[PDB]
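Letters A, B, ... are given to chains in the order of the sequence lines, protein chains preceding strands, and every chain is numbered from 1.
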Amino acid sequence: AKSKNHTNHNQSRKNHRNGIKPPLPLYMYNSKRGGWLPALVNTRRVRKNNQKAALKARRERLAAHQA
Amino acid sequence: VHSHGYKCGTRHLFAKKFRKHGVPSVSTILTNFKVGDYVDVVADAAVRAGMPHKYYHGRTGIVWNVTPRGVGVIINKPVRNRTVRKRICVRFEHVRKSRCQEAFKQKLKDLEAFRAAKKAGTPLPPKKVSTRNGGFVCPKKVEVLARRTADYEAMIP
Amino acid sequence: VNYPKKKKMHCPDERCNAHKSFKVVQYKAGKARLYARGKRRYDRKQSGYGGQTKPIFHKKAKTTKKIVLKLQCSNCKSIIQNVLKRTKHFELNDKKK
RNA sequence: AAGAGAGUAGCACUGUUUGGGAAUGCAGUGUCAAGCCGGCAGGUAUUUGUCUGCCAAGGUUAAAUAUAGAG
RNA sequence: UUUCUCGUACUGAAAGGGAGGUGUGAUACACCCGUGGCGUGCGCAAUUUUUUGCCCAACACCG
RNA sequence: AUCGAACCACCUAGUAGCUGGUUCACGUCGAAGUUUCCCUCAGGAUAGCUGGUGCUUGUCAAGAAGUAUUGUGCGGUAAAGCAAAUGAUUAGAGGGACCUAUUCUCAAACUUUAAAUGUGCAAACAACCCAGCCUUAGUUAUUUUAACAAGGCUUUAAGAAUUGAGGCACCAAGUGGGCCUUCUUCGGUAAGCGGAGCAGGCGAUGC
RNA sequence: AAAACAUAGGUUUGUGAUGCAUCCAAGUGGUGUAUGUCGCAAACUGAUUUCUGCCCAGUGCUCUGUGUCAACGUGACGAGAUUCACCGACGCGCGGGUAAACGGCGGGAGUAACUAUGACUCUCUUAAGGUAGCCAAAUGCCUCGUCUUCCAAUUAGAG
RNA sequence: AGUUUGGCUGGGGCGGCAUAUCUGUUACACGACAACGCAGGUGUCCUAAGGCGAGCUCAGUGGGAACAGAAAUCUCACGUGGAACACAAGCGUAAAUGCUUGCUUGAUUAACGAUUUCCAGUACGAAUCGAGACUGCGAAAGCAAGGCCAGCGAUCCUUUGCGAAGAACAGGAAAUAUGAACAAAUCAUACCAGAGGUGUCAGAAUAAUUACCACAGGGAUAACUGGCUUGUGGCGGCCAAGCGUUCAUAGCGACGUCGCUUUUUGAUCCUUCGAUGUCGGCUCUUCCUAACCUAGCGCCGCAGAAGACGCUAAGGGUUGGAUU
RNA sequence: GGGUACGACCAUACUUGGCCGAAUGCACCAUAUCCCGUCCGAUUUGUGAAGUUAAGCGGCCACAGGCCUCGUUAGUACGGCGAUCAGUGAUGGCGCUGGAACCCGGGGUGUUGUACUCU
RNA sequence: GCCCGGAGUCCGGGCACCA
Ligand SMILES: [K+]
Ligand SMILES: [K+]
Ligand SMILES: [K+]
Ligand SMILES: [K+]
Ligand SMILES: [K+]
Ligand SMILES: [K+]
Ligand SMILES: [K+]
Ligand SMILES: [Mg+2]
Ligand SMILES: [Mg+2]
Ligand SMILES: [Mg+2]
Ligand SMILES: [Mg+2]
Ligand SMILES: [Mg+2]
Ligand SMILES: [Mg+2]
Ligand SMILES: [Mg+2]
Ligand SMILES: [Mg+2]
Ligand SMILES: [Mg+2]
Ligand SMILES: [Mg+2]
Ligand SMILES: [Mg+2]
Ligand SMILES: [Mg+2]
Ligand SMILES: [Mg+2]
Ligand SMILES: [Mg+2]
Ligand SMILES: [Mg+2]
Ligand SMILES: [Mg+2]
Ligand SMILES: [Mg+2]
Ligand SMILES: [Mg+2]
Ligand SMILES: [Mg+2]
Ligand SMILES: [Mg+2]
Ligand SMILES: [Mg+2]
Ligand SMILES: [Mg+2]
Ligand SMILES: [Mg+2]
Ligand SMILES: [Mg+2]
Ligand SMILES: [Mg+2]
Ligand SMILES: [Mg+2]
Ligand SMILES: [Mg+2]
Ligand SMILES: [Mg+2]
Ligand SMILES: [Mg+2]
Ligand SMILES: [Mg+2]
Ligand SMILES: [Mg+2]
Ligand SMILES: [Mg+2]
Ligand SMILES: [Mg+2]
Ligand SMILES: [Mg+2]
Ligand code: NA
Ligand code: NA
Ligand code: NA
Ligand code: NA
Ligand code: NA
Ligand code: NA
Ligand code: NA
Ligand code: NA
Ligand code: NA
């Protein structure tokens, strides 16, 4: 008793029932884990300095307000 | 027996054009790439190293990583009822800079020049006029077309 | 295939940390130990009246085996194992054409 | 001043049983102890030295427990 | 403050070990009304016919 | 009245991917016969199609669209050619083979050329410019580049779209024998035959 | 209901009793055996008549002097578990016998005064190459074989 | 005594492998697509046939030289690759990816970096882009961690390598851990990386027969009728090279070509497996016409007789026996 | 109007033949002590100026081939969507629309960047 | 795989099999 082997019938209609979802936006899931290491290490050092400057700025803004 | 190897249908896809064989030229070597650029992925077929899979031939995407002899590109691909962002690694010979945004950038520059001219008082170029309106048509002579019965004898081989 | 009897290779040991001369020997499995844990359990399970308690695998299909080489450093006598592709005939000559 | 249960305990082979795993308990046969530096146990096998707890191979004994086709 | 159990701490095969912030220096030192930083963020507060602040929950990225 | 393993009671309500059955009403929604793996092919697991519960929000539209336009990439089918390479092939002519230029007729596993229908990307705010500024163990002979930031400036005619709620979860059912048709298409003399592609139907539905 | 079984006739095998065949969970247990080779147990063929050919390479059964095969023993290294060495039977291999044990028992060329046929020759090959007999037979595919007889005519019957 | 005795499949069996896999085409110019569709491959081979530098140009053709000729070696010119690149095919390549030669071991290690192909966006195989060690070839830029894309394998179990020696008043940046009452030496185990294999290739340990046969089911599936088709079987047309003393067509008609029928046999598997009684003969009725006899006609190579061909016409008739 | 060195695009630049070429330069050219390499200083390597535009090179020409471009082939071949369209069929035209290829004809035969330089 | 015997080693034997 043989039977069908393969078909793609009705598959396109099923996929469009809930539609082809759009791709994720460019600003999400944008890590660079597997990238070129020498540039990644340099960026980490700059990011650490930037965080230190951000903390100091809020300290100065608050102290100015308390006057 | 079709077989599903890495290049299972690429007889005409991965072939060079007529009288255009050879290896990449110098201008291709000095291209330079930056993260965030738009590139087209096209196989060269003369450089076997770092060739992308046949699906990604003729696809456009954004580069996310640069290595000494390679470029990483993000490309959309639809699977079932969704689309996946795939990351592929290719050699620099198989990528070209994309001109898919040059019309948009030119429009922005024109608008900026419009503002500068208005604020500097510079006269503006005159507006183009559509030809879909009416008008007078005065012809020197009028011809006729009436199926002159020589065409009927003409379409006989 | 033919393999040289000696070759120059990198020794990762802190004593060498350079390219040294290595001697080549072919790997052969050791003799199965009585009183190994798996053998002790198998012997306990086999005693009695049950019969044969585990499969025996008669359906062999391959005709070759992978080649493993034991490379011994000239100094520090450390051993590194390497794997070659399967061949029907293997020999060491250390003599070219 | 003495003593405290011998084909007994242990060991080997075989079989069975157990969660018990280089062998938890038991049975058959062979072999078969110690006690002027004793014996058994202490969950990985062997030899040696300490430490801890107990002292088999004879016997009786209420209550708290069961009544899953009884009286 | 139960006598047992689940949870407030996890990690390694195991021996074992075990998580706050800011500032200053290269079991370090001094403080404790306190979101590690950045991005998007209900509502409330403040300006003027719009802009800004705090941002809760949640998500992404880097320590 | 029982024999290619008697009869009686018990283990025994033995197991069955297989056949049969499975008891009130109305309402809101509503399918699949396809993918991968399995001693798998009358069965399962897995993704897809569906229902329920929502969460975070918005209210004209964010990460919207089985549709256009503009710009910019991809292609070797239909057609065409053999007076162009590869393969097949007919006949005269000019200097029996041979040479030169032609000539009849061809190709799913030939091709210089090459459509229609297709297919990727872009068409703004988590953004782009302009200016000055900080940091780095990145690059460079140094500047200059690369990357992360911080305080100010600007920005929502030419056929020149138009439609509108965005995003994110948890739990679970049935199904996993399909069949028909316009057009494209392989095997077969053919078949109400066997097997595929895009789309629409029946199955589940009457009028 | 037979062409099957049995039968008388024929042949073969084991066996002298502490035996051969054999029941049985077991014993100073049981059967042929209250028996003793003109006996008992186990096979095959199937009255009488006339006969019973060749093959021991295969498988089986059976009879005689050193490779391999287990425990138990005897020695060693080691502190000991562990390990090593030597010894080690029937059987299997070697060497004989056996077909009224299971069974088996050939191809291809040439050649005689008309053609035909082939007494004769050559060749390859086996453990042996189907002998005496019998046949389109309940055994012959081709096949309703070919000839004679029986009939007017016979895929039937007989020779 | 117990158990087993693959699967797919135009029924099943025998055959084959479409059972794990590579190339071209079917495939309809993105990607994807079936059949026991077409044409072919794979379980290997290589210390060089791997790596790099340098030099060179291949297949073939034409003109020349004792033996020497169509074909031996030398020389000049042309030569877009028509050669070669282990093997199947496709792609690719000319101061090279080809050939010769020189030197070598990037076929090593590579902190669990990221990714592609199949795809559930799992594993396995193969491949791509990186970072660190030590190197090879180069004057250098640079190239190379195999031979480009096919050539291979889970849990459990066995087995090998690494955890050298010393240094630290204490387990630390840097000393592998355990054998649970504790010490000395053996033995065993654990953590990391390989190897011994499952070809039914996501991986059970496996011989037959049943006509003495059994059960659960299946029209998801064969053996009758019926249905679609008509290759094969049967019955006919059209054209006209020839046969007919001459004369294509009285009667025939080759080489070709167009049909009809369902009285043969195939092809298929739609209905029936909680059953539609399966060859032949006997008996009886009816229908069809492609007309054997009976009625009436045309035509002939129809003198008569007997016949050949054709038309209307199915009212009526169509036997007795031997063998099976 | 030019030369040389290094290039970009890679035939409008290639192939064949003919003619001409002021200067700077580029070449052909002389020779093997040393560096170096070959069967052979042919190529390659090291050192000079004796000759010459012969060749290479540049420029121009050819009813020259090829190549590039524009027309023509032609709204032809082919195509998407539609019909209770035509036709026994094989196939075909129609409506709304997209649109080729060779042959053939006209034209053309490199553009250009950096530095040192000659008239 | 073990024991051999006959040729650094290929054959013939008698045994033994948890990926
Ligand atoms: K005892
Ligand atoms: K399923
Ligand atoms: K009878
Ligand atoms: K009778
Ligand atoms: K009778
Ligand atoms: K008898
Ligand atoms: K007789
Ligand atoms: Mg192409
Ligand atoms: Mg006592
Ligand atoms: Mg008592
Ligand atoms: Mg029940
Ligand atoms: Mg039912
Ligand atoms: Mg509804
Ligand atoms: Mg399996
Ligand atoms: Mg194609
Ligand atoms: Mg065509
Ligand atoms: Mg399911
Ligand atoms: Mg249904
Ligand atoms: Mg309807
Ligand atoms: Mg009767
Ligand atoms: Mg007789
Ligand atoms: Mg007789
Ligand atoms: Mg015999
Ligand atoms: Mg027989
Ligand atoms: Mg004889
Ligand atoms: Mg006969
Ligand atoms: Mg007969
Ligand atoms: Mg008769
Ligand atoms: Mg007779
Ligand atoms: Mg397509
Ligand atoms: Mg395609
Ligand atoms: Mg080279
Ligand atoms: Mg490979
Ligand atoms: Mg490296
Ligand atoms: Mg490679
Ligand atoms: Mg019978
Ligand atoms: Mg059916
Ligand atoms: Mg019925
Ligand atoms: Mg009935
Ligand atoms: Mg009936
Ligand atoms: Mg319609
Ligand atoms: Na199916
Ligand atoms: Na069913
Ligand atoms: Na008889
Ligand atoms: Na014999
Ligand atoms: Na005879
Ligand atoms: Na007869
Ligand atoms: Na089957
Ligand atoms: Na027919
Ligand atoms: Na008639």
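Summarising the geometry, the separation between OH on B:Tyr6 and P on H:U21 is reported as 18 Å, rounded to the nearest angstrom. Rounded to whole Å, atom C1' of F:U113 lies 9 Å from atom NZ of B:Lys17. When the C1' atom of H:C129 is taken as reference, atom CD1 of B:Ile88 falls 11 Å away, rounded to whole Å. Going from atom NZ of C:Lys20 over to atom P of H:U105 covers 15 Å, rounded to whole Å. The CD-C1' distance, from C:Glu14 to H:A174, rounds to 11 Å in whole Å. Taking atom CG on B:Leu13 and atom P on F:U77, their separation rounds to 12 Å, with Å as the unit. Between the P atom of F:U139 and the CZ atom of A:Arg45 lies a distance of 12 Å, rounded to the nearest Å. As rounded to whole Å, 11 Å separates atom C1' of F:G75 from atom NE2 of B:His12.
Map A:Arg58 and A:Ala54 each onto its nearest nucleotide of RNA chain E; the residue landing nearer the 5' end is A:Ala54. Each of A:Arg44 and A:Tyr29 was matched to the nucleotide of RNA chain E holding its nearest heavy atom; the match closer to the 5' end belongs to A:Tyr29.
Nucleic acid contact class of B:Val41 (heavy atoms, under 4.0 Å, all strands): none. Using a 4.0 Å heavy-atom criterion, one finds that C:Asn93 contacts no nucleic acid atom at all. Backbone-only engagement by B:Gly22 is indicated by non-hydrogen atom pairs under 4.0 Å involving sugar-phosphate atoms exclusively. Counting any heavy atom pair closer than 4.0 Å across all strands shown, C:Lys70 reaches sugar-phosphate atoms only and no base atom. Within 4.0 Å (heavy atoms only), B:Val84 reaches no atom of the nucleic acid at all. Among the protein residues, A:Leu24 comes within range of the nucleic acid bases, having at least one heavy atom under 4.0 Å from a base atom. When heavy atoms are screened at a 4.0 angstrom cut-off, B:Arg87 is found touching the sugar-phosphate backbone but no base atom. C:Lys65 comes within contact range of the sugar-phosphate backbone alone, with a heavy-atom separation under 4.0 Å but no base atom that close. Residue C:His19 is classed as a base contact, given a heavy-atom separation below 4.0 Å to a base. Nucleic acid contact class of B:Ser98 (heavy atoms, under 4.0 Å, all strands): none. If you check every strand for non-hydrogen atoms under 4.0 Å, C:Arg44 touches a base. Residue contacts shown for A:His16 include a base, since a base heavy atom lies under 4.0 Å away.
Distances shown here put every side-chain N or O of B:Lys20 at or beyond 4.0 Å from the OP1 or OP2 atom of H:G92. Note on A:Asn30: every side-chain N or O is 4.0 Å or more away from OP1 and OP2 of E:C61. OP1 or OP2 of F:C74 has at least one side-chain nitrogen or oxygen of B:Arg96 nearer than 4.0 Å. OP1 or OP2 of H:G10 sits under 4.0 Å from a side-chain N or O of A:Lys2. The phosphate of F:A31 (OP1 or OP2) has a side-chain N or O of A:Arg17 nearer than 4.0 angstrom. Residue B:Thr60 places none of its side-chain N or O atoms closer than 4.0 Å to OP1 or OP2 of F:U72.
A donor-acceptor pair shorter than 3.5 Å can be found between the side chains of C:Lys88 and C:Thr63.
For D:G19 and H:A208, the P atoms lie 42 Å apart once the distance is rounded to whole Å. With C1' as the reference atom, I:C26 and I:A5 are 11 Å apart, rounded to whole Å. Comparing the P positions of G:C5 and G:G29 gives a spacing of 44 Å, expressed to the nearest Å.
Taking 3.5 Å as the limit, the base of F:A47 and the side chain of B:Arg80 contain a donor-acceptor pair of atoms between them.
Note on ring orientation: taking the six-membered ring where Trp is involved, the planes of C:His19 and C:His10 are tilted (angle from 30° to 60°). A perpendicular orientation is assigned to the rings of B:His53 and B:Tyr56, their planes being inclined by more than 60° (bins at 30° and 60°).
By the stacking rule of 5.5 Å between ring centres and under 30° between planes, A:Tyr27 stacks on the base of F:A126. The side-chain ring of C:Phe57 is not stacked on the base of J:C18, judged by centre separation under 5.5 angstrom and plane angle under 30 degrees.
Because its NZ or CZ atom is both nearer than 6.0 Å to the ring centre of B:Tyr55 and within 45° of the ring axis, B:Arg59 counts as a cation-pi partner of that residue. With a 6.0 Å cutoff to the six-membered ring centre and a 45° limit on the axis angle, B:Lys97 does not count as a cation-pi contact of B:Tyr38.
Because its glycosidic torsion is more than 90° from 0, E:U8 is reported here as anti.
With both distances required under 3.5 Å, H:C311 does not pair with H:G197 in Watson-Crick or G-U wobble fashion.
Between the side chain of C:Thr64 and the backbone N or O of C:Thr87 there is no donor-acceptor pair closer than 3.5 Å. Side-chain atoms of A:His65 never come within 3.5 Å of backbone atoms of A:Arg61 as a donor-acceptor pair (strictly under, hydrogens ignored).
Less than 4.0 Å separates RNA chain H from at least one heavy atom of each of the following residues of residues 5-15 of chain A: A:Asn5, A:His6.
Taking CG of B:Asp44 as the start and NZ of B:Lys16 as the end, the distance is 4.0 Å to the nearest 0.5 Å.
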